[PDB]
2 protein chains.
Amino acid sequence: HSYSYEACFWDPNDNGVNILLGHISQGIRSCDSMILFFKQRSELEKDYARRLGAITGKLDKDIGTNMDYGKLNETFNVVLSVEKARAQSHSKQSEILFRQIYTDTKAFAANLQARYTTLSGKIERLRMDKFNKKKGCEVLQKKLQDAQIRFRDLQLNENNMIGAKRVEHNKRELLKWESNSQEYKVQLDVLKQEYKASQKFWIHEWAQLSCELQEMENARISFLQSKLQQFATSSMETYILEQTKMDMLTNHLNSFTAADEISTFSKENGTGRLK
Amino acid sequence: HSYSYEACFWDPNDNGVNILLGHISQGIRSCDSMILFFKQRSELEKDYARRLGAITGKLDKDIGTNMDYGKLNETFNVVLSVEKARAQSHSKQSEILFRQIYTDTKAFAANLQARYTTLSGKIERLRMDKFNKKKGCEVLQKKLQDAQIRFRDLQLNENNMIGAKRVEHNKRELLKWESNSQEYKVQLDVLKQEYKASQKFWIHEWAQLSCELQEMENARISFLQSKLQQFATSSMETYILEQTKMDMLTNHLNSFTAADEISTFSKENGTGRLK
């Protein structure tokens, strides 16, 4: 039941190993998708703020040069102030993007990669120890069977020996391969136990290293998860601000009528009535 | 009391005329402040949308190339869809700016200028008629006084004439300048009445043309007033949309945990447990 990395990936050919190593590795490269996005998005907002500022710059000089009257002039300045507020807001948003979320995400991704590289090396080294030791057993099992066969051949041959030199030579070969069979058997028993020990050590280790992997991915998901809200919050703050500023502009466009402008202007600059 | 253009600008030197003509004229050039702003702002949003689209383009290819798993992959696509929605929203905002408010404001400003030019010509032509006629009166008043003086001189001279040719010559001059004095007096009386008529016509006309001016400015204020809400509304629609999209992103970032991703992945791709 209960599902995790250390619980569900036990295969007799270490399949679950490469599946997990593959998954964590592809997840690391997958960060480059957001890392690049954060960067380009950051660079975009900077240019937007800078170019908007340049636009409000020409607007400021134009308001001063081309003077205007009363409320319609005070409304031209609200537009001016509203827009430079957005500019500053996008500019501030740009800086948050480049350093707090882009830089910290790129840096964190490089660190995941470093840990992953170390882990994979430790993994490969360990399961090779099972491989080499298993190959070693089979190799010696061949040698043991060979030696046992050459021994049985020599003792079956013992009766066909004629000379004293021929007899002695065969008796020597007999004990030589009696010795070989005995030593190979012992060399095989010990190498067998070394292998079962190595099998036991892998189980001990993989129980731990799969947890290290599960901690890696968990730290990867959660970090990206938090960084994306920090993204969605920083952006949110701008949009909520931009709404408030357009509320201002709306609120004052509705605060006066053209009839008011004519009334007041005539009050200030009238040159006398007619009688 | 009650204050307007046709009520409060009656001066005996037509001062209020040039004040109003100056005000309307400067208000026309003042439109160029917003006309240029609308244009540059429009051009800005187009580049923002186009460059954002290019950014979401690289994000799309990266998501597909660098594949990712479960919720963190479905969250990468929400970011992708949210951002291309903003792009379309800024793009639509850009088009509204260039044609419905920039184009219609520039066109309207050019038409105000055309009407103003015609009005000013009609004004100048009329008050010159008062000037020329007034100058004409003073000119002839000089001629009348001159003729009257030369007549009185000649009749005072009548007794100093010796010869018959000298007497006759002076009697001729007497009647010639008697005639001149009489005609000049009549020519002056009629030109006086032409002037008082022209004074009356100006009052009749200026009562109307000051209203034409007051209608011009009123149409100028109101048009810019409505165009600035259309501005503040089109922009508002974007900011309100952008907020809703970041709500989406927030709502789904909080819909899952990293523990969920590990649980499900192990369910789908587990290679067996340990016994």
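Residues numbered from 1 in each chain as written, not as in the entry; some residues may be left out. Chains lettered and ligands numbered in written order. Heavy atoms only, no water. Residues with missing side-chain atoms left out of burial classes, pairs and counts.

Peer 1: Would you mind showing me how to read the UniProt feature "coiled-coil region" in chain A here?
Peer 2: Per the UniProt record, the feature "coiled-coil region" sits at residues 134-200 of chain A. The annotated region residues 134-200 of chain A carries 90% helix and 0% strand content, and the separation between its end C-alpha atoms amounts to 13 Å. (UniProt positions renumbered as here; feature names shortened; annotations may be inferred. Helix = DSSP H or I, 4+ residues; strand = E, 2+ residues; numbered from the N terminus.)

Peer 1: How should I be thinking about the interface of chain B and chain A in this particular structure?
Peer 2: When the parts come together, some accessible area is lost, and that loss is often what is quoted as the size of the interface. Contact residues are listed per partner, giving 86 residues for chain B and 86 residues for chain A. Looking at the side of chain B that touches chain A, the elements that each hand over two or more residues are α1 (5-8), α2 (15-29), α3 (31-65), α4 (70-156), α5 (164-253) and α6 (258-269) of chain B. Counting residues per element, the side of chain B that touches chain A draws most heavily on α5(B), at 23 residues. Taken together, the residues that form the side of chain B that touches chain A break down as 40 nonpolar, 27 polar and 19 charged. (Contact = heavy atoms within 4.5 Å. Nonpolar A, V, L, I, M, F, W, Y, C, P; charged D, E, K, R; others polar.)

Peer 1: Is there a simple way to explain the packing of aromatic side chains in this structure?
Peer 2: The relation between two aromatic rings is expressed through the spacing of the ring centres and the mutual angle of the planes. Residue and element names in this part refer to chain A. Within the structure shown, the criterion is met by 21 aromatic pairs over all chains. Geometrically, the ring pair formed by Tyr5 and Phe9 is edge-to-face, given 5.8 Å between the ring centres and 75 degrees between the ring planes. By relative accessible area, which is 1% here, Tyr5 ends up buried. The exposure class assigned to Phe9 is buried, which follows from its relative accessible area of 1%. Consider the rings of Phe38 and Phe231, whose centres lie 5.9 Å apart with planes at 50 degrees: the pair is tilted. In this pair, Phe38 sits in helix α3 (residues 31-65) while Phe231 sits in helix α5 (residues 164-253), placing the two residues 193 residues apart along the sequence. Note on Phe38: relative accessible area 1%, which makes it buried. (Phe/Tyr/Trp six-rings, centres within 6.5 Å; stacked < 30°, edge-to-face > 60°. Buried < 20%, exposed > 50% of the residue type's maximum accessible area, 1.4 Å probe, protein only.)

Peer 1: I'm lost on helix α4 (residues 70-156) of chain A in this one. Help?
Peer 2: Residues spaced three or four apart along an α-helix point in a common direction, a consequence of the helix completing one turn every 3.6 residues. Over its 87 residues, α4(A) extends 127 Å from the first C-alpha to the last, a length consistent with the 129 Å expected when each residue adds 1.5 Å. A maximum bend of about 35 degrees is found in α4(A) at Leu97(A). (Expected span 1.5 Å × (residues − 1). Bend = angle between axes of the 7 residues up to and from the residue.)

Peer 1: Would you mind showing me how to read the side chain of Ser210(B) here?
Peer 2: By secondary structure assignment, the location of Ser210(B) is in helix α5. In this structure, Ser210(B) is in contact with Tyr5(B) and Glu6(B), ignoring residues within four places of it in sequence.

Peer 1: What is the right way to look at the nonpolar core in this model?
Peer 2: In a soluble, globular protein the nonpolar side chains are often hidden away together inside. The biggest cluster of nonpolar side chains holds 60 residues, and the ones touching the most others in it are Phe37(A), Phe38(A), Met246(A), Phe37(B), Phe38(B) and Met246(B). Secondary structure elements with two or more residues in this core: α3, α4 and α5 of chain A together with α3, α4 and α5 of chain B. The contacts of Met246(B), once residues within four sequence positions are left out, are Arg41(A), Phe231(A), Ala232(A), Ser235(A), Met236(A), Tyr239(A), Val82(B), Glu83(B) and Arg86(B). (Core = buried A, V, L, I, M, F, W, Y, C linked by side-chain atoms within 4.5 Å.)

Peer 1: Is there a simple way to think about the relation of the copies chain B and chain A in this case?
Peer 2: What relates the two chain copies is a rotation about an axis together with a slide along it. Superposing chain B onto chain A requires a rotation of 180 degrees together with a translation of 0.0 Å along the rotation axis, leaving an RMSD of 0.0 Å. What the rotation and shift describe, once combined, is the action of a two-fold rotation axis. Nearest to the rotation axis, the C-alpha of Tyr239(B) is located 2.6 Å from it, this being the minimum over chain B. A symmetric contact is evident, with 100% of the interface residues of chain B recurring at the interface of chain A. (Least-squares fit on C-alpha atoms.)

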